[PDB]
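Report on one structure; see the data block that follows.
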Amino acid sequence: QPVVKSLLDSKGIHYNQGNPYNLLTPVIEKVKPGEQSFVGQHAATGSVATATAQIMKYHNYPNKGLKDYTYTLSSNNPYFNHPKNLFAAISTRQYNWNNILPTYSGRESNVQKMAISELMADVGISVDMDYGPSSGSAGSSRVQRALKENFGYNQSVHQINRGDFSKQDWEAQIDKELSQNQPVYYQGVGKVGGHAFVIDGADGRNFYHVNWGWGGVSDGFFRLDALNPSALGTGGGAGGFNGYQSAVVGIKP
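Residue numbers for the sequence shown follow PDB author numbering, so the first one is 1 and each next one is one higher.
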């Protein structure tokens, strides 16, 4: 296995889901029974969204959105009535990759914050992101689909299922992407949805550079036997976080 440095790091790409990244997510209007009130709360972008958007930042491909998108909020979302239609004017987006900073500290101006915030909203949207205080999306099917549909990434964008591949041929799909310094959108699905993160490097030992969807927890190498989030406690489907493990590889124009 060849060694690969962190592509996201080589681009000072450090994203989040609540910081100025969720400054454009849809606002919550209802409360979940068995939880606190989240109305008026800026929903999150979603790991899946942030995993893709980071790779979207790594390539800053569409300077303008490629195609308008549209999805109806999930009937499981306890944050809005339900027949809620979300719409991203992506086809009419202005992706200023110079304002969509690769790393936000939450103290930058609003202009650059508006940049990444819309990307996450466009991405989280393009991936039917569930928008609540926590944002759960589907993952690859959404990313690999939105990646080429709304952002038009090279057709090389596709989805693979770790559950259906052999660890060896599975890491091959990743390193191959890393061989060309091309990060991978990865995600281990379970009950809450597909938890995603970005692979942007390798250490020569079946280990890749991963950008979990959290702040600074297990950020560093990827996992081969435990593809779960170190900081559990997301939605209400905790427990067993490997129902559908898959990866989106080949994210580039």
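From the three backbone atoms N, C-alpha and C, an ideal C-beta is built for every residue, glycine too.
In the three-state reduction of the DSSP assignment, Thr70 falls in the strand class, which pools E and B.
Cβ atoms of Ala44 and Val123 stay farther apart than 8 angstroms, at about 12 angstroms. The three-state reading of DSSP puts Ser246 in strand, counting E and B together.
Inclusion of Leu7 and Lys113 in the CB contact set at 8 angstroms is not warranted, their separation being larger than that value. In terms of CA proximity to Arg162, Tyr186 leads the group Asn98, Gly237, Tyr186. Looking at the backbone, the Cα of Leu232 and that of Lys191 are separated by about 12 angstroms. For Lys84, the closest of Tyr131, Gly40, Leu101, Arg107 by C-alpha to C-alpha distance is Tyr131. When DSSP reads this structure, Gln155 sits in no beta bridge, so it has no partner. Contact between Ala202 and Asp169 is absent: CB atoms are separated by about 16 angstroms, not below the 8 angstroms threshold.
Taking 8 angstroms as the cut-off, the Cβ atoms of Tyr58 and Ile116 do not count as close. Comparing alpha carbon positions, the residue from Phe80, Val39, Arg93 closest to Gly65 is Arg93.
Listed in chain order, the non-local C-beta contacts of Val217 below 7 angstroms within the same chain comprise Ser230, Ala231, local neighbours out to five positions each way being set aside.
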